[PDB]
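Quick look at protein-v7.txt (compact mmCIF, C-alpha atoms):
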# COMPACT_ATOMS: atom_id res chain seq x y z
CA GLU A 2 1.48 12.35 3.51
CA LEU A 3 -1.80 13.60 2.01
CA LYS A 4 -4.99 14.64 3.81
CA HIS A 5 -7.78 13.61 1.42
CA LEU A 6 -7.93 11.05 -1.37
CA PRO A 7 -6.99 12.60 -4.76
CA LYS A 8 -9.16 12.13 -7.83
CA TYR A 9 -7.22 11.91 -11.08
CA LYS A 10 -9.65 13.67 -13.41
CA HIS A 11 -6.97 14.26 -16.05
CA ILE A 12 -5.75 10.66 -16.34
CA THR A 13 -9.32 9.34 -16.21
CA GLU A 14 -10.68 11.24 -19.23
CA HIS A 15 -7.54 10.43 -21.24
CA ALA A 16 -7.70 6.64 -20.86
CA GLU A 17 -11.36 6.54 -21.91
CA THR A 18 -10.04 7.12 -25.44
CA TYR A 19 -8.08 3.86 -25.31
CA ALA A 20 -9.94 0.85 -26.69
CA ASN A 21 -10.63 -1.55 -23.80
CA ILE A 22 -10.32 0.86 -20.82
CA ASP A 23 -13.13 2.38 -18.73
CA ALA A 24 -12.98 5.41 -16.44
CA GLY A 25 -14.02 4.00 -13.06
CA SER A 26 -11.46 1.18 -13.19
CA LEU A 27 -8.70 3.76 -13.47
CA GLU A 28 -9.96 5.86 -10.58
CA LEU A 29 -10.25 2.72 -8.47
CA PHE A 30 -6.75 1.60 -9.40
CA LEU A 31 -5.20 5.02 -8.73
CA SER A 32 -7.02 5.36 -5.39
CA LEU A 33 -5.75 1.93 -4.42
CA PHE A 34 -2.27 3.06 -5.30
CA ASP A 35 -2.60 6.29 -3.37
CA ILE A 36 -3.80 4.54 -0.21
CA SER A 37 -0.95 2.05 -0.60
CA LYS A 38 1.71 4.74 -0.57
CA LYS A 39 0.16 6.45 2.48
CA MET A 40 -0.54 3.09 4.14
CA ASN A 41 3.06 2.12 3.93
CA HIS A 42 4.28 5.64 4.67
CA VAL A 43 2.25 6.23 7.83
CA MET A 44 2.91 2.69 9.09
CA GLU A 45 6.68 2.76 8.78
CA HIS A 46 6.86 5.85 11.03
CA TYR A 47 4.22 4.62 13.52
CA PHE A 48 6.23 1.50 14.33
CA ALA A 49 9.37 3.64 14.26
CA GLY A 50 7.83 5.83 16.96
CA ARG A 51 8.04 2.72 19.09
CA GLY A 52 11.56 1.61 18.11
CA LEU A 53 10.27 -1.19 15.86
CA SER A 54 9.65 -2.38 12.30
CA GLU A 55 6.89 -4.08 10.33
CA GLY A 56 8.73 -7.37 10.70
CA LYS A 57 9.75 -7.14 14.35
CA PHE A 58 6.20 -6.20 15.42
CA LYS A 59 4.66 -9.07 13.42
CA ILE A 60 7.05 -11.45 15.19
CA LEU A 61 6.09 -10.00 18.57
CA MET A 62 2.44 -10.47 17.60
CA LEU A 63 3.04 -14.06 16.58
CA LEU A 64 4.53 -14.86 20.01
CA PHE A 65 1.85 -12.95 21.93
CA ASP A 66 -0.65 -15.23 20.17
CA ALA A 67 1.19 -18.53 20.56
CA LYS A 68 0.44 -20.92 23.39
CA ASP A 69 3.04 -20.29 26.11
CA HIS A 70 4.33 -17.43 23.88
CA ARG A 71 6.68 -19.90 22.19
CA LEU A 72 7.27 -20.63 18.50
CA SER A 73 10.19 -22.11 16.56
CA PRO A 74 12.05 -19.65 14.28
CA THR A 75 11.10 -21.60 11.16
CA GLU A 76 7.49 -21.51 12.34
CA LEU A 77 7.79 -17.73 12.76
CA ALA A 78 9.17 -17.50 9.22
CA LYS A 79 6.19 -19.45 7.84
CA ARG A 80 3.67 -17.51 9.91
CA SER A 81 5.01 -14.20 8.65
CA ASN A 82 5.82 -13.55 5.00
CA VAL A 83 9.63 -13.89 5.19
CA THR A 84 12.38 -16.46 4.77
CA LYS A 85 14.30 -18.09 7.62
CA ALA A 86 17.45 -16.10 6.84
CA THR A 87 15.40 -12.94 7.31
CA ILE A 88 13.71 -13.77 10.60
CA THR A 89 17.11 -14.85 11.87
CA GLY A 90 18.28 -11.26 11.60
CA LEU A 91 15.16 -9.88 13.24
CA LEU A 92 15.26 -12.50 16.01
CA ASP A 93 18.86 -11.46 16.59
CA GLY A 94 17.82 -7.85 17.13
CA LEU A 95 14.76 -8.65 19.23
CA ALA A 96 16.96 -10.85 21.42
CA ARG A 97 19.55 -8.08 21.81
CA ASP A 98 16.82 -5.50 22.50
CA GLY A 99 15.57 -7.86 25.22
CA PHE A 100 12.08 -8.34 23.81
CA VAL A 101 12.55 -12.02 23.01
CA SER A 102 14.63 -14.95 24.22
CA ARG A 103 16.07 -17.91 22.34
CA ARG A 104 15.71 -21.15 24.29
CA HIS A 105 16.35 -24.84 23.63
CA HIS A 106 14.40 -27.87 24.80
CA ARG A 111 18.21 -29.94 19.66
CA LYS A 112 15.50 -27.71 18.15
CA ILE A 113 15.16 -24.13 19.43
CA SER A 114 12.12 -22.12 20.50
CA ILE A 115 11.58 -18.35 20.69
CA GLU A 116 9.74 -16.94 23.70
CA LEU A 117 8.50 -13.47 24.65
CA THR A 118 10.28 -11.98 27.66
CA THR A 119 8.31 -10.59 30.58
CA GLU A 120 9.38 -7.04 29.67
CA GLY A 121 8.56 -7.81 26.03
CA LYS A 122 5.10 -9.06 26.99
CA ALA A 123 4.68 -6.10 29.35
CA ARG A 124 5.75 -3.52 26.75
CA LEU A 125 3.39 -5.20 24.31
CA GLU A 126 0.43 -4.97 26.70
CA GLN A 127 1.09 -1.23 27.12
CA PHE A 128 1.05 -0.67 23.34
CA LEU A 129 -1.72 -2.95 22.02
CA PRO A 130 -4.76 -1.01 23.40
CA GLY A 131 -3.96 2.16 21.49
CA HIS A 132 -3.08 0.13 18.42
CA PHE A 133 -6.49 -1.57 18.40
CA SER A 134 -8.38 1.65 19.10
CA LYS A 135 -6.78 3.36 16.09
CA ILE A 136 -7.71 0.43 13.85
CA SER A 137 -11.25 0.51 15.23
CA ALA A 138 -11.31 4.22 14.39
CA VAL A 139 -10.44 3.48 10.75
CA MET A 140 -13.24 0.97 10.12
CA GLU A 141 -15.83 2.99 11.98
CA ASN A 142 -19.29 3.40 10.40
CA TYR A 143 -18.80 0.38 8.11
CA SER A 144 -21.42 -2.33 8.11
CA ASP A 145 -20.59 -6.00 8.54
CA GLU A 146 -21.50 -7.08 5.01
CA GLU A 147 -19.57 -4.08 3.70
CA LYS A 148 -16.28 -5.07 5.35
CA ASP A 149 -16.60 -8.56 3.88
CA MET A 150 -17.32 -7.23 0.40
CA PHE A 151 -14.27 -4.99 0.63
CA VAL A 152 -11.90 -7.80 1.62
CA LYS A 153 -13.45 -10.09 -1.01
CA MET A 154 -12.48 -7.42 -3.59
CA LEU A 155 -9.00 -6.99 -2.07
CA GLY A 156 -8.75 -10.75 -2.52
CA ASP A 157 -9.19 -10.55 -6.28
CA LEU A 158 -7.06 -7.44 -6.70
CA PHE A 159 -4.11 -8.99 -4.87
CA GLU A 160 -3.87 -11.96 -7.23
CA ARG A 161 -4.50 -10.06 -10.46
CA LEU A 162 -1.73 -7.64 -9.53
CA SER A 163 0.71 -10.36 -10.56
CA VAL A 164 -0.30 -9.67 -14.17
CA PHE A 165 0.99 -6.20 -13.32
CA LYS A 166 4.48 -7.70 -13.04
CA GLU B 2 6.34 -11.15 -3.34
CA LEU B 3 3.40 -13.27 -2.10
CA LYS B 4 1.05 -15.43 -4.16
CA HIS B 5 -2.41 -14.81 -2.63
CA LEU B 6 -3.83 -12.40 -0.09
CA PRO B 7 -3.51 -14.05 3.34
CA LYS B 8 -6.82 -14.89 4.95
CA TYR B 9 -7.16 -13.68 8.52
CA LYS B 10 -10.60 -14.74 9.81
CA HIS B 11 -9.09 -17.26 12.26
CA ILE B 12 -6.51 -14.89 13.73
CA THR B 13 -9.17 -12.18 13.68
CA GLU B 14 -12.04 -13.99 15.37
CA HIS B 15 -9.51 -14.73 18.11
CA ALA B 16 -8.76 -11.02 18.48
CA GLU B 17 -12.35 -10.41 19.64
CA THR B 18 -11.07 -12.44 22.59
CA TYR B 19 -8.07 -10.09 22.82
CA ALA B 20 -9.67 -6.67 23.06
CA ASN B 21 -12.43 -4.31 21.87
CA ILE B 22 -11.80 -4.99 18.17
CA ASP B 23 -14.28 -6.27 15.59
CA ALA B 24 -13.69 -9.18 13.26
CA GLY B 25 -14.26 -7.54 9.89
CA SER B 26 -12.50 -4.34 10.97
CA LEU B 27 -9.31 -6.18 11.92
CA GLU B 28 -9.42 -8.54 8.92
CA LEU B 29 -10.05 -5.64 6.56
CA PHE B 30 -7.21 -3.61 7.99
CA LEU B 31 -4.73 -6.48 7.75
CA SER B 32 -5.88 -7.25 4.23
CA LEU B 33 -5.47 -3.61 3.30
CA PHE B 34 -1.97 -3.64 4.72
CA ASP B 35 -0.92 -6.79 2.86
CA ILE B 36 -2.26 -5.49 -0.44
CA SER B 37 -0.50 -2.21 0.28
CA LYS B 38 2.93 -3.79 0.75
CA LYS B 39 2.43 -5.81 -2.41
CA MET B 40 1.36 -2.93 -4.65
CA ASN B 41 4.20 -0.68 -3.56
CA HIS B 42 6.51 -3.58 -4.36
CA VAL B 43 5.11 -4.61 -7.75
CA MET B 44 4.68 -1.04 -8.98
CA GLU B 45 8.17 0.00 -7.99
CA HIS B 46 9.77 -2.65 -10.19
CA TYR B 47 7.24 -2.35 -13.04
CA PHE B 48 8.07 1.34 -13.62
CA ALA B 49 11.73 0.48 -13.01
CA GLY B 50 11.45 -1.72 -16.10
CA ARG B 51 10.66 1.47 -18.05
CA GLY B 52 12.99 3.95 -16.34
CA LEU B 53 10.19 5.70 -14.44
CA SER B 54 8.43 5.99 -11.10
CA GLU B 55 4.84 6.54 -10.03
CA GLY B 56 5.68 10.20 -9.54
CA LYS B 57 7.55 10.74 -12.79
CA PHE B 58 4.92 8.74 -14.68
CA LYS B 59 2.09 10.92 -13.33
CA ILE B 60 3.82 14.05 -14.64
CA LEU B 61 4.31 12.54 -18.11
CA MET B 62 0.58 11.86 -17.99
CA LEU B 63 -0.20 15.47 -17.21
CA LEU B 64 2.10 16.62 -19.98
CA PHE B 65 0.76 14.13 -22.51
CA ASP B 66 -2.79 15.41 -22.01
CA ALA B 67 -2.06 19.14 -22.02
CA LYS B 68 -2.48 21.26 -25.14
CA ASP B 69 0.83 21.41 -27.03
CA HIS B 70 2.22 18.99 -24.36
CA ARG B 71 3.35 22.03 -22.35
CA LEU B 72 2.53 22.84 -18.74
CA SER B 73 3.98 25.13 -16.13
CA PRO B 74 5.64 23.40 -13.18
CA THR B 75 3.18 25.07 -10.80
CA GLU B 76 0.28 23.61 -12.81
CA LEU B 77 2.00 20.23 -12.59
CA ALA B 78 2.19 20.52 -8.80
CA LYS B 79 -1.51 21.35 -8.51
CA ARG B 80 -2.64 18.66 -10.97
CA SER B 81 -0.44 15.81 -9.64
CA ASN B 82 -1.33 16.26 -5.95
CA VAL B 83 2.32 16.82 -5.07
CA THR B 84 4.11 19.79 -3.58
CA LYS B 85 6.28 22.18 -5.56
CA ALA B 86 9.36 21.12 -3.63
CA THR B 87 8.64 17.59 -4.74
CA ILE B 88 7.80 18.26 -8.37
CA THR B 89 11.04 20.24 -8.72
CA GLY B 90 12.93 17.07 -7.83
CA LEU B 91 10.91 14.90 -10.20
CA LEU B 92 11.23 17.47 -12.98
CA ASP B 93 14.98 17.51 -12.55
CA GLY B 94 15.18 13.76 -13.05
CA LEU B 95 12.87 13.70 -16.05
CA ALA B 96 14.95 16.51 -17.54
CA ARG B 97 18.17 14.50 -17.18
CA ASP B 98 16.50 11.26 -18.31
CA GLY B 99 15.48 13.05 -21.54
CA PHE B 100 11.74 12.79 -21.07
CA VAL B 101 11.17 16.53 -20.59
CA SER B 102 12.72 19.90 -21.43
CA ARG B 103 12.49 23.26 -19.65
CA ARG B 104 11.82 26.17 -22.05
CA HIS B 105 11.01 29.86 -21.66
CA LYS B 112 6.67 32.02 -16.90
CA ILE B 113 8.72 28.87 -17.50
CA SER B 114 7.61 25.85 -19.50
CA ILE B 115 7.97 22.07 -19.22
CA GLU B 116 7.74 20.09 -22.44
CA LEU B 117 7.80 16.44 -23.43
CA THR B 118 10.75 15.57 -25.56
CA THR B 119 9.97 13.56 -28.68
CA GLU B 120 11.67 10.54 -27.09
CA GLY B 121 9.49 11.09 -24.04
CA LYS B 122 6.32 11.27 -26.08
CA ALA B 123 7.42 8.21 -28.05
CA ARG B 124 8.31 6.35 -24.85
CA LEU B 125 4.93 7.40 -23.49
CA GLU B 126 2.93 6.39 -26.56
CA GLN B 127 4.58 2.95 -26.64
CA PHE B 128 4.00 2.34 -22.93
CA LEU B 129 0.48 3.63 -22.32
CA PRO B 130 -1.52 0.95 -24.26
CA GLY B 131 0.00 -1.97 -22.35
CA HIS B 132 -0.21 0.00 -19.10
CA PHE B 133 -3.93 0.53 -19.60
CA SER B 134 -4.76 -3.09 -20.52
CA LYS B 135 -3.15 -4.35 -17.31
CA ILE B 136 -5.26 -1.97 -15.21
CA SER B 137 -8.47 -2.96 -17.00
CA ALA B 138 -7.60 -6.61 -16.47
CA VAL B 139 -7.24 -5.95 -12.74
CA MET B 140 -10.88 -4.80 -12.56
CA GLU B 141 -12.48 -7.47 -14.66
CA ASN B 142 -16.14 -7.79 -13.72
CA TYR B 143 -16.89 -5.03 -11.25
CA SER B 144 -20.02 -3.01 -11.89
CA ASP B 145 -20.41 0.72 -11.54
CA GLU B 146 -22.13 0.58 -8.16
CA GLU B 147 -19.49 -1.85 -6.86
CA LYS B 148 -16.53 0.33 -7.85
CA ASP B 149 -18.20 3.58 -6.76
CA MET B 150 -18.69 2.04 -3.32
CA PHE B 151 -15.13 0.74 -3.36
CA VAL B 152 -13.71 4.15 -4.23
CA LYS B 153 -16.06 5.68 -1.66
CA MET B 154 -14.71 3.46 1.14
CA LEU B 155 -11.14 4.18 0.00
CA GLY B 156 -11.82 7.87 0.58
CA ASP B 157 -12.72 7.50 4.25
CA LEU B 158 -9.83 5.11 4.97
CA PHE B 159 -7.43 7.49 3.26
CA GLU B 160 -8.18 10.32 5.68
CA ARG B 161 -8.47 8.18 8.80
CA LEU B 162 -4.99 6.69 8.35
CA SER B 163 -3.76 10.06 9.63
CA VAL B 164 -4.59 8.80 13.13
CA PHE B 165 -1.58 6.50 12.93
CA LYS B 166 0.50 9.60 13.68
CA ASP B 167 1.73 8.34 17.08

Represent the structure of the file as structure tokens.
Amino acid sequence: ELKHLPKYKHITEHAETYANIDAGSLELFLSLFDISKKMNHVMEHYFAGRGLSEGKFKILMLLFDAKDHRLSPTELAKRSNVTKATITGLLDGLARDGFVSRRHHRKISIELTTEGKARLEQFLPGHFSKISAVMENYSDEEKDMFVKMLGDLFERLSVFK
Amino acid sequence: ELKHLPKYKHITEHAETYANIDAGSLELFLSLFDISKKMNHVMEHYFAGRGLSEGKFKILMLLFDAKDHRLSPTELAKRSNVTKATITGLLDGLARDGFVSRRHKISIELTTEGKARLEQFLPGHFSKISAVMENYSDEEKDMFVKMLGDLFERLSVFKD
């Protein structure tokens, strides 16, 4: 996408004329929107580079974290941000791809295969190093303040319906 | 799509057991990714409600602020942070939608419907943004925008 974060000098000076609107708030909102487009853009291709999706990788990460690498499908739906009908389609693919296996023991459980666990252990180190690279040179109290602000922004965005 | 930003400290503090990853760094990154998916979602439908996009709306902005509401397409590419190949596609849509007109060194102009549609939309669009940043001080926001700058460039490393 883009290389460096764009400032929107034109839009900023224009909204200052409007009654209840300050400059900085606009720059902060537009930056947050820029990073969002690149966030989502870069991420969709990264997981593509590995034959995956946002959803399928979050499922794989749920299992890798579960005791015995087993979780019910409904539990996987709850633990991600999607409905049961959705994870059913993903689970179908992951099963076909051989990453995951659907087992009974009545109610059904979903378990990581040995190849799926193996392929995951070959990928995760680079994935964590890249994330580490992004938050480099940020202090501890800084990271917390950032997420605390992302907390407020997320909920107020509903008023942006 | 979701109600509140998901909290990750529990999953995160467990990831220090996984690998060489810090708590805040992982939590921040996951938070940034959740907010990102949300904003792309909400904003896509919001501008859909008005027949626009982020891209088309940013052009109308440029036009609305220019003297005589006229700007060359090349100036629009430079000022919107988008490439000429892209702005040509946006411009085409706006032209068909009736927001803009191409006149003769070529010129892009707001139609009167476009200016009207813009003047009726901008006040509500600005109050919602202000509301989103209720009680943040100058030094808070300037740090927040500062941090957003470094993350913006470093996301390039997710080129696998």

Taking 3 positions as the minimum chain separation for residues in the same chain, which residues sit within 10 Å of stretch 105-115 of chain B when counting only C-alpha atoms? Answer as number ranges by chain. B: 64, 70-75, 77, 92, 96, 101-102, 118

Neighbourhood query: residues within 7 Å of (-11.1, 6.2, -4.1), file coordinates, counting all atoms listed in the file; return as a ChimeraX atom specification. /A:6,28-29,32-33 /B:151-156

Please identify every residue of chain A that has at least one atom no more than 8 Å from any atom of chain B, counting only C-alpha atoms, and report them as number ranges by chain. A: 4-7, 9, 11-12, 15-16, 19, 21-23, 25-30, 32-34, 36-41, 43-44, 46-47, 50, 82, 130, 133-140, 145, 148-149, 151-152, 155-156, 158-166

Same residues, C-alpha atoms, output as an mmCIF file, in the coordinates of the input:
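Dumped everything to part38.cif:
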data_model
loop_
_atom_site.group_PDB
_atom_site.id
_atom_site.type_symbol
_atom_site.label_atom_id
_atom_site.label_comp_id
_atom_site.auth_asym_id
_atom_site.auth_seq_id
_atom_site.Cartn_x
_atom_site.Cartn_y
_atom_site.Cartn_z
ATOM 1 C CA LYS A 4 -4.990 14.640 3.810
ATOM 2 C CA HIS A 5 -7.780 13.610 1.420
ATOM 3 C CA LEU A 6 -7.930 11.050 -1.370
ATOM 4 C CA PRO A 7 -6.990 12.600 -4.760
ATOM 5 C CA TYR A 9 -7.220 11.910 -11.080
ATOM 6 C CA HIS A 11 -6.970 14.260 -16.050
ATOM 7 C CA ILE A 12 -5.750 10.660 -16.340
ATOM 8 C CA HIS A 15 -7.540 10.430 -21.240
ATOM 9 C CA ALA A 16 -7.700 6.640 -20.860
ATOM 10 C CA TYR A 19 -8.080 3.860 -25.310
ATOM 11 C CA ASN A 21 -10.630 -1.550 -23.800
ATOM 12 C CA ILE A 22 -10.320 0.860 -20.820
ATOM 13 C CA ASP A 23 -13.130 2.380 -18.730
ATOM 14 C CA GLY A 25 -14.020 4.000 -13.060
ATOM 15 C CA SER A 26 -11.460 1.180 -13.190
ATOM 16 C CA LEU A 27 -8.700 3.760 -13.470
ATOM 17 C CA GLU A 28 -9.960 5.860 -10.580
ATOM 18 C CA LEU A 29 -10.250 2.720 -8.470
ATOM 19 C CA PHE A 30 -6.750 1.600 -9.400
ATOM 20 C CA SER A 32 -7.020 5.360 -5.390
ATOM 21 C CA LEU A 33 -5.750 1.930 -4.420
ATOM 22 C CA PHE A 34 -2.270 3.060 -5.300
ATOM 23 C CA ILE A 36 -3.800 4.540 -0.210
ATOM 24 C CA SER A 37 -0.950 2.050 -0.600
ATOM 25 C CA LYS A 38 1.710 4.740 -0.570
ATOM 26 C CA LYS A 39 0.160 6.450 2.480
ATOM 27 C CA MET A 40 -0.540 3.090 4.140
ATOM 28 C CA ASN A 41 3.060 2.120 3.930
ATOM 29 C CA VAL A 43 2.250 6.230 7.830
ATOM 30 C CA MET A 44 2.910 2.690 9.090
ATOM 31 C CA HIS A 46 6.860 5.850 11.030
ATOM 32 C CA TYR A 47 4.220 4.620 13.520
ATOM 33 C CA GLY A 50 7.830 5.830 16.960
ATOM 34 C CA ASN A 82 5.820 -13.550 5.000
ATOM 35 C CA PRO A 130 -4.760 -1.010 23.400
ATOM 36 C CA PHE A 133 -6.490 -1.570 18.400
ATOM 37 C CA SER A 134 -8.380 1.650 19.100
ATOM 38 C CA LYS A 135 -6.780 3.360 16.090
ATOM 39 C CA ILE A 136 -7.710 0.430 13.850
ATOM 40 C CA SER A 137 -11.250 0.510 15.230
ATOM 41 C CA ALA A 138 -11.310 4.220 14.390
ATOM 42 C CA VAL A 139 -10.440 3.480 10.750
ATOM 43 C CA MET A 140 -13.240 0.970 10.120
ATOM 44 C CA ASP A 145 -20.590 -6.000 8.540
ATOM 45 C CA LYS A 148 -16.280 -5.070 5.350
ATOM 46 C CA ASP A 149 -16.600 -8.560 3.880
ATOM 47 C CA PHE A 151 -14.270 -4.990 0.630
ATOM 48 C CA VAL A 152 -11.900 -7.800 1.620
ATOM 49 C CA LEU A 155 -9.000 -6.990 -2.070
ATOM 50 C CA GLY A 156 -8.750 -10.750 -2.520
ATOM 51 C CA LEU A 158 -7.060 -7.440 -6.700
ATOM 52 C CA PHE A 159 -4.110 -8.990 -4.870
ATOM 53 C CA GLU A 160 -3.870 -11.960 -7.230
ATOM 54 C CA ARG A 161 -4.500 -10.060 -10.460
ATOM 55 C CA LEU A 162 -1.730 -7.640 -9.530
ATOM 56 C CA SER A 163 0.710 -10.360 -10.560
ATOM 57 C CA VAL A 164 -0.300 -9.670 -14.170
ATOM 58 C CA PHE A 165 0.990 -6.200 -13.320
ATOM 59 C CA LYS A 166 4.480 -7.700 -13.040
#

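With only C-alpha atoms as the atoms that count, the minimum distance from residue B:97 to the choices B:11, B:121, B:127, B:17 is reached by B:121.
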
Which residues come within 9 Å of residue A:61, counting only C-alpha atoms, excluding same-chain residues fewer than 2 positions away, as a list in words?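 In the requested form, the answer reads residues 56, 57, 58, 59, 63, 64, 65, 66, 95, 100, 101, 117, 121, 122 and 125 of chain A.
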
Could you check how far atom CA of residue A:114 sits from atom CA of residue A:127, in Å to one decimal?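 Taking atom CA of residue A:114 as the start and atom CA of residue A:127 as the end point, the length is 24.5 Å.
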
What is the distance, in Å and to one decimal place, between atom CA of residue B:117 and atom CA of residue A:2?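 These two atoms are separated by 28.0 Å.
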
For atom CA of residue A:71 and atom CA of residue A:106, the interatomic separation in Å (one decimal):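 Here the two named atoms are 11.4 Å from each other.
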